[PDB]
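This text opens with one protein chain seen in two forms, each one given by itself as structure tokens under the names structure 1 and structure 2.
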Structure 1
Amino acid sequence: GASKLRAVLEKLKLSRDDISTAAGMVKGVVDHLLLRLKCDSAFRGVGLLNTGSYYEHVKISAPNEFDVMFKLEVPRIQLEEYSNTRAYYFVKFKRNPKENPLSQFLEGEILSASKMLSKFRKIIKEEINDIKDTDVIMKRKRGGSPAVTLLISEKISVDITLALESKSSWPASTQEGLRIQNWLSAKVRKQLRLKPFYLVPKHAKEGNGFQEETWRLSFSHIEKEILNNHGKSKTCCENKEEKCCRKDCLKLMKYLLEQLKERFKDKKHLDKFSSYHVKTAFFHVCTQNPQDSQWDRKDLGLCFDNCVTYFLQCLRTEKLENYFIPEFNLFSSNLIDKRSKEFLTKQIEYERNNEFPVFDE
């Protein structure tokens, strides 16, 4: 229970404090790459997404695996939804009397993620080789991923993702999403929806089996802003008497899935689940339990159980709405077959019934 879950959280804290030297190395490589990329005519306006914060850790049990997002603003973007999939869009340009450098990535009237990533990757590979103050290598592209992956010092890996930034209003598919009014208030929802949105290249293994040049909506800056300002109280987690366990529960949900994917990495059944699914379910639980008193630190075990049982319910009913785009069902059988969700249900039920053996040291 709570005492065991606390021990888990404490062990993961230890490894995070150690990797600050690794973060220093990552930041040094990323800053060199941005300086070089900004010299290119097509990537002139590239920059860090979450400029203050280099890097996230997608995988909490892999402290030496870093994730960084670059953003590239494209003004006057014209988006064309793909086959009413709600999440995937062709990117087109508006009126064309002025041509600009990004047109070198056009395929017809459509902005090609392939072409853009090819030049992106080529510049990084060149510049990585021209670095000599630290040993960094570029890893070969895996069949699906659009990310550029660097390996630093034999054990630090960095996934770099290039996102397009649009400063216009969010696409209409988001209009009924981000249902935070009863938790964080309607005016915070309005404020958040005034920020830009992002488009990222999709995986090859992602989508309808074609290699169409569609882009996927991305709201990772919104996820980050909410987690850093997450209470109903404006002073949640800013004093002794207002320490909640929201972030802890999310960490534990991520770690649960990571451990189970590892325990079963021989089989194929868990390959389609990722932190994305656990994060989505967590945010729904925050919507469902908006009071800070529902997240008291003393109740860590009960709050974590709440997150687990909600996730189990989503698996069993095969319904998990995207937090921003409610019509997109992460758990549709078009995306994950029923037997895979049934298998994960079985494993999470086993863990819950046995006080989570997959956690203990």
Structure 2
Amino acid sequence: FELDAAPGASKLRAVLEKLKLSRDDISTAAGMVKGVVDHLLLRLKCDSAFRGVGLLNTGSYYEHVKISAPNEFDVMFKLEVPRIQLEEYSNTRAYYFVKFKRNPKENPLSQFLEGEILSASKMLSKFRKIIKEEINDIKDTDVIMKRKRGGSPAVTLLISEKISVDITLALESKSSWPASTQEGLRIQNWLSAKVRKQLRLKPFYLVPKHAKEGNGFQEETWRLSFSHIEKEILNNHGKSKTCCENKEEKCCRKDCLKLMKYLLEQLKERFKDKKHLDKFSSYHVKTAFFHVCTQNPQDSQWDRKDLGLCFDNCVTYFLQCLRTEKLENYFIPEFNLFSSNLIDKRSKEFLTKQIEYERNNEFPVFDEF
């Protein structure tokens, strides 16, 4: 009587199975999304200022941030900016003003300048104007641009009555990464020092994002973004180069991340009307997950048969971050995602209590709605 996995796997596996089943009907939605995105890119490429715009995840017009919202897509439009000088905003480590190494009108971004600073406000404004005008050239399909909520999901489109596409504009820089990332990406004992060096030769991105305090915000800051690196690591994630390419090396890392995301999504959905959980996002869960991979670098610590314990360990790490109010950005270690300035103690304790209940009760929230 050999078990297929150690106890606790089956319920989690049935959850995973159900989540994938929700993706077996996508090709359609994906199609409409690709059509819209390609149209937009064509129009934006005609503007002198956005002439270099392109898909970040090359050949990928989809990237679901919410494991349980298959009709919600996330795409990033990146634009190379030949030579920027970053200036860190008030030692925040993650937020910067964007300035330029030279002055005249050869970079078509001069129109977005405010003094010497590149205005995220102005650029976003043009981006949105171009997009709205373009989705209006769509005659037999109601593509609606949703109203502003912020800067970095820049634009949300509602296609028909079922599909949404969040479009993020990002500046791309091919300079070496800012000094605040110097001690981050601590993958040396997991994915290797040579991999870390290789990754850090890739460009980095900047997305418009107000850096706000308790008081208010400086409207023209940009936040560092490494979503391309996160994707690369998640899909090439083992110490072994052949991790998950055969039966002997099947690991549960990806499934643990999916389960953490689903847990957070289910709880946020249950409590959405009372904003207790508004400030938590899949990005916190993904960041915590990468730290757990650093803490457990060997593939044998993620054997698929041990899904139950691996997931429990993920939950436990996330709880520890909540209780101690510390979750370091994986690329920028002095940027604390769970500081009291960003998320009130009360919200963290609330989430802690919900997750602890779930974990003590075999995760009934996975089944409830």
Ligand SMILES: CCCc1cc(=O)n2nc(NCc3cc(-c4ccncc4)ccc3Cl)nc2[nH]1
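Throughout, residue numbering runs from 1 along the sequence of structure 1. Rigid core here is just the name for the largest C-alpha set that superposes within 1.5 Å across the two forms.
Participant: Quick check: structure 1 or structure 2 for the form solved in complex with the named molecule?
Facilitator: Note: form solved in complex with the named molecule is structure 1; the other is not.
Participant: Quick check for you: superpose on the rigid core, then look between structure 1 and structure 2 for a C-alpha move of 2 Å or more. Which of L102, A204, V188, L270 is it?
Facilitator: One residue passes the 2 Å cut-off, namely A204.
Participant: Hey, does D135 budge by 2 Å or more at the Cα between structure 1 and structure 2 once the core is superposed?
Facilitator: Yes, shifts by 2 Å or more.
Participant: So, superposing on the core, is the move of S145 at the CA at least 2 angstroms between structure 1 and structure 2?
Facilitator: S145 C-alpha, core-superposed: shift of 2 Å or more.
Participant: How many angstrom apart are the two C-alpha positions of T317 between structure 1 and structure 2, if you fit on the rigid core?
Facilitator: Its alpha carbon moves by 1.0 Å.
Participant: If the rigid core is lined up, how many Å does the C-alpha atom of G52 shift between structure 1 and structure 2?
Facilitator: Reported C-alpha shift between structure 1 and structure 2: 2.2 Å at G52.
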